[PDB]
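Position in the sequence shown (first residue = 1) + 79 = the entry's author numbering. All C-beta atoms in this analysis are idealised placements derived from N, C-alpha and C, irrespective of residue type, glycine included. These notes concern the structure reproduced below.
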Amino acid sequence: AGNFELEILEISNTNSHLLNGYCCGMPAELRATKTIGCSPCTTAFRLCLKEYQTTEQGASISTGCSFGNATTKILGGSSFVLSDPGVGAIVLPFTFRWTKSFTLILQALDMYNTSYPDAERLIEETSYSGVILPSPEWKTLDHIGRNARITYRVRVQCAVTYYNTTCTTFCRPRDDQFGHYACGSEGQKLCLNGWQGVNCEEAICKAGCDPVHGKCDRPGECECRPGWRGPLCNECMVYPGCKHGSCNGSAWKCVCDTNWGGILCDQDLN
Ligand SMILES: *[C@@H]1O[C@H](CO)[C@@H](O[C@@H]2O[C@H](CO)[C@@H](O)[C@H](O)[C@H]2NC(C)=O)[C@H](O)[C@H]1NC(C)=O
Ligand SMILES: [Ca+2]
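As structure tokens, then:
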């Protein structure tokens, strides 16, 4: 999941015309003003996003906008450069996996409403088909049309906690008892130094720490299980009172040396 983002950067429509060659706003004949020339446009932008299209008919908004459609607020007059493109950005959410391939249709529209909608109010129209991967980097596009020049930019970003080219790999970094890991560029758990395991919840103990009789709750340490000792927890403790004997790799035992017997190995056998 994530969003396809489009930010208008500039439109240049110096003569305040429509694509059909007429003026924006009210026809000058119907105006009761001293204004000379065309009235200014009231420009907004409509984005139609859809699957990658292999023919000219696909570059129309008549084939539908499966990936979403939106219209900005009025962003300015006939020509303007947006100092802060983010405020009027078009954000189209997508669910499941990002498609990578797409076709967009971007229209500039004169929002002068008299009989309410009409297609004569198209100022300019452009289309772009391509393949884009999730990234905060913008792709800048520039359309020098017959009537207006539109500069805009697009990007795709995964929803928060999602990664990978598909925006479906989940990762949330953790630094507590249940895990110690950062998130990689594709959502991989990157264990913090000294940790391992499925959730990077296992401390990596001191080098040489006995894997069976040693443990650690913090990296680089070696704590001994009952009846074992030494810096590496590899030395068993003999049963208290054991004389001529050893633990033989088992905690609290007294296994006799040759020619000694008894529970404490203190009986000379010969
Ligand atoms: C990023 O997306 C790709 C696309 O699926 C993942 O790579 C594929 O899937 C397996 C995982 O089971 C990878 O080991 C292979 O290298 C890829 N196989 C094919 C046929 O493309 C990749 O795993 C994703 N990254 C993460 C962290 O999930
Ligand atoms: Ca023009």
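Query: According to DSSP, what are the bridge partners of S208?; Result: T182
Query: Along the chain, which unbroken stretches of the beta strand (DSSP E) at least 3 residues long are found entirely within the segment 251 to 285?; Result: 253 to 255, 258 to 262 and 268 to 270
Query: Taking the alpha carbon of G340 as the reference point, which residue from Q256, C321, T230 and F181 has its own alpha carbon closest?; Result: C321
Query: So, at 8 Å on beta carbons, what are the nonlocal neighbours of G309 in its own chain, with the 5 sequence-adjacent residues on each side left out?; Result: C303
Query: What number of angstroms, rounded off, separates the C-alpha of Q267 from the C-alpha of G287?; Result: 29 Å
Query: Name the residue from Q186, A282 and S180 whose alpha carbon lies nearest to the alpha carbon of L97.; Result: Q186
Query: How about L154 and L161: do their beta carbons lie closer than 8 Å?; Result: yes
Query: Can you tell me whether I115 is buried or exposed, with buried defined as 16 or more other CB within 10 angstroms of its CB?; Result: exposed
Query: Here's the rule: buried if 16 or more other CB atoms are within 10 angstroms of the residue's CB, otherwise exposed. What is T93?; Result: exposed
Query: Whose C-alpha, out of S208, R251 and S325, is nearest the C-alpha of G306?; Result: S325
Query: Between the C-alpha atoms of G224 and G147, what's the straight-line distance to the nearest angstrom?; Result: 24 Å
Query: What's the C-alpha gap between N327 and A80?; Result: 59 Å
Query: Here's the rule: buried if 16 or more other CB atoms are within 10 angstroms of the residue's CB, otherwise exposed. What is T337?; Result: exposed
Query: Between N278 and ligand 1, is the CB less than 7 Å from at least one heavy atom?; Result: no
Query: Just to confirm my understanding: we take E265, look at its own chain, exclude 5 residues before and 5 after, and list those with CB closer than 7 Å. What are they?; Result: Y242, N243 and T248
Query: Starting from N148, trace the beta strand (DSSP E) both ways and give me its first and last residue.; Result: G147 to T150
Query: Note down the Cα distance separating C301 from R234, rounded to an integer number of angstroms.; Result: 50 Å
Query: Which whole runs of the beta strand (DSSP E) in the segment 226 to 254 are 3 residues long or more, in chain order?; Result: 228 to 237
Query: Which residue marks the beginning of the beta strand (DSSP E) containing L97, and which one marks its end?; Result: Premise fails: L97 is in no beta strand (DSSP E) and is neither H nor E.
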